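Asker: Before we start, here is the structure in question, set down as structure tokens.
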Amino acid sequence: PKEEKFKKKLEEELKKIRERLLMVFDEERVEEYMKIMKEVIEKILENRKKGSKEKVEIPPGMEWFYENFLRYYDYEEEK
Amino acid sequence: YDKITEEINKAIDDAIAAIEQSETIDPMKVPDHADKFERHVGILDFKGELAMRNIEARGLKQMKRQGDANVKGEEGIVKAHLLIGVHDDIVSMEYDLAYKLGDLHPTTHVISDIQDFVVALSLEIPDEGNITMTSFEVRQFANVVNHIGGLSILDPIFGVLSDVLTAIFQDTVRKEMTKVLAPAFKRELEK
């Protein structure tokens with residue numbers, strides 16, 4: 001339903017992220033970073049689906065993305 | 001002490017009212033800035049440059065004195081500390097950002113929102129007459145929220161530019177806003 005549209009929009013955002021990163025770094029680092037981000041996303045979504053308030057373990061450097069994706073998801077559950 | 005506090009508040013509100021009716025305050029032009037930045041986020045290491053042009057601050061016309069004037073009596077001299085703020089409004093900066101990271105060299109309009117923008121000043125008054133402003137500074141911004149066009153909130157480029165612009169605001173923008181706000185307040189308070 002709305003969560004399918006959410007997943008589609010998120011995948012489109014990720015495609016744009018990859019395409020812009022390829023303009024700055026090499027494909028190995030870009031794709032590895034995409035993998036890291038998707039792992040973080042899946043942890044966050046799994047945590048929220050159980051109504052949990054416990055913070056998930058975030059690899060170093062991805063705390064900014066943790067907060068920003070929390071805000072992003074909350075905006076998209078409002079909308 | 002109530003007479004002193006009232007006279008200080010009266011002078012400060014007259015000052016603020018004269019300041020708010022100046023076209024230099026809202027909108028306030030900020031000198032153009034450019035910097036180089038290096039930020040290491042996990043495996044990603046961003047080394048780039050950015051240039052902010054046409055910087056404009058809006059929302060300073062809602063400046064109001066916050067709390068009673070802090071009056072101190074030391075050695076027969078009146079010494080006051082005061083806070084003048086824009087709560088119930090946000091100070092908003094709009095500018096054009098041109099950044100360069102590797103091959104990517106985009107140019108986007110950015111809107112940064114300062115929450116709880118407030119300035120602090122310190123007056124020295126010989127108890128007989130005349131006001132002297134001895135200190136003046138714009139406070140460290142509690143939070144600078146950046147809205148960069150073209151970038152998602154998830155984009156690493158957004159996080160990097162957000163961090164760099166926030167640091168630039170906590171340094172360059174704060175000082176250049178102080179350079180405009182201090183002399184006008186000095187004029188109104190010491191006249």
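The way I read the labels, and the way they are meant: chains A, B, ... in the order of the structure tokens, residue 1 as the first residue of every chain, and ligand 1 as the first ligand shown, with later ones counted on from there.
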I need the residues of chain B that end up classed as helix (DSSP H, G or I) by DSSP on the backbone, written out as an NGL selection string.

Answerer: :B and (2-20 or 60-62 or 156-190)

Asker: Residues of chain B near chain A: apply a cut-off of 9 Å, count only C-alpha atoms, and supply the list as a list in words.

Answerer: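 Every residue meeting the condition is included here: residues 40, 41, 42, 43, 44, 45, 46, 101, 102, 103, 104, 151, 152, 153, 154, 155, 156, 157 and 159 of chain B.
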
Asker: DSSP on the backbone, strand (DSSP E) only: what residues of stretch 132-174 of chain B does that give? Format it as a VMD selection string.

Answerer: chain B and resid 132 to 138 143 to 148

Asker: Smallest atom-to-atom distance to residue B:95: which of B:177, B:80, B:165, B:19, using only C-alpha atoms?

Answerer: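 Using only C-alpha atoms, the shortest distance to residue B:95 belongs to B:165.
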
Asker: I need the residue nearest residue A:74 from this list: A:1, A:28, A:19, A:6. Use only C-alpha atoms for the distance.

Answerer: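 Checking each of A:1, A:28, A:19, A:6 against residue A:74, counting only C-alpha atoms, the winner is A:6.
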
Asker: Name the residues in contact with residue A:43 at a cut-off of 10 Å, using only C-alpha atoms, excluding same-chain residues fewer than 3 positions from it; report them as a PDB file with N, CA and C atoms, in the first residue's frame.

Answerer:
ATOM      1  N   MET A  37      24.796   1.594   3.781  1.00  0.00           N
ATOM      2  CA  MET A  37      23.562   2.353   3.955  1.00  0.00           C
ATOM      3  C   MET A  37      22.329   1.453   3.938  1.00  0.00           C
ATOM      4  N   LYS A  38      22.271   0.486   3.016  1.00  0.00           N
ATOM      5  CA  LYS A  38      21.121  -0.418   2.988  1.00  0.00           C
ATOM      6  C   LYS A  38      21.033  -1.276   4.247  1.00  0.00           C
ATOM      7  N   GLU A  39      22.176  -1.742   4.763  1.00  0.00           N
ATOM      8  CA  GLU A  39      22.169  -2.479   6.028  1.00  0.00           C
ATOM      9  C   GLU A  39      21.592  -1.634   7.162  1.00  0.00           C
ATOM     10  N   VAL A  40      22.046  -0.379   7.264  1.00  0.00           N
ATOM     11  CA  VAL A  40      21.528   0.532   8.287  1.00  0.00           C
ATOM     12  C   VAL A  40      20.025   0.736   8.121  1.00  0.00           C
ATOM     13  N   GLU A  46      13.421  -2.624  10.554  1.00  0.00           N
ATOM     14  CA  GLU A  46      13.087  -3.780  11.379  1.00  0.00           C
ATOM     15  C   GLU A  46      12.830  -3.370  12.824  1.00  0.00           C
ATOM     16  N   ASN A  47      13.656  -2.463  13.354  1.00  0.00           N
ATOM     17  CA  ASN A  47      13.458  -1.966  14.712  1.00  0.00           C
ATOM     18  C   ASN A  47      12.110  -1.268  14.862  1.00  0.00           C
ATOM     19  N   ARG A  48      11.745  -0.424  13.891  1.00  0.00           N
ATOM     20  CA  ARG A  48      10.484   0.311  13.983  1.00  0.00           C
ATOM     21  C   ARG A  48       9.262  -0.586  13.798  1.00  0.00           C
ATOM     22  N   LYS A  55      17.702   1.763  20.373  1.00  0.00           N
ATOM     23  CA  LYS A  55      18.547   2.247  19.293  1.00  0.00           C
ATOM     24  C   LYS A  55      19.378   1.105  18.721  1.00  0.00           C
ATOM     25  N   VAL A  56      19.458   1.047  17.393  1.00  0.00           N
ATOM     26  CA  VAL A  56      20.212  -0.004  16.720  1.00  0.00           C
ATOM     27  C   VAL A  56      21.686   0.375  16.660  1.00  0.00           C
ATOM     28  N   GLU A  57      22.546  -0.643  16.617  1.00  0.00           N
ATOM     29  CA  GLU A  57      23.983  -0.417  16.505  1.00  0.00           C
ATOM     30  C   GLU A  57      24.317   0.134  15.125  1.00  0.00           C
ATOM     31  N   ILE A  58      24.989   1.274  15.103  1.00  0.00           N
ATOM     32  CA  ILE A  58      25.322   1.998  13.879  1.00  0.00           C
ATOM     33  C   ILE A  58      26.830   1.914  13.674  1.00  0.00           C
TER      34      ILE A  58
END

Asker: For stretch 114-123 of chain B, please output as an MDAnalysis selection string all residues within 6 Å (counting only C-alpha atoms; exclusion window: fewer than 6 positions along the same chain).

Answerer: chainID B and resid 79:87 90:91 132:139 143:144

Asker: Taking only C-alpha atoms into account, name the residue in B:178, B:130, B:112, B:9 that is nearest to residue B:69.

Answerer: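 Nearest candidate to residue B:69 out of B:178, B:130, B:112, B:9: B:9.
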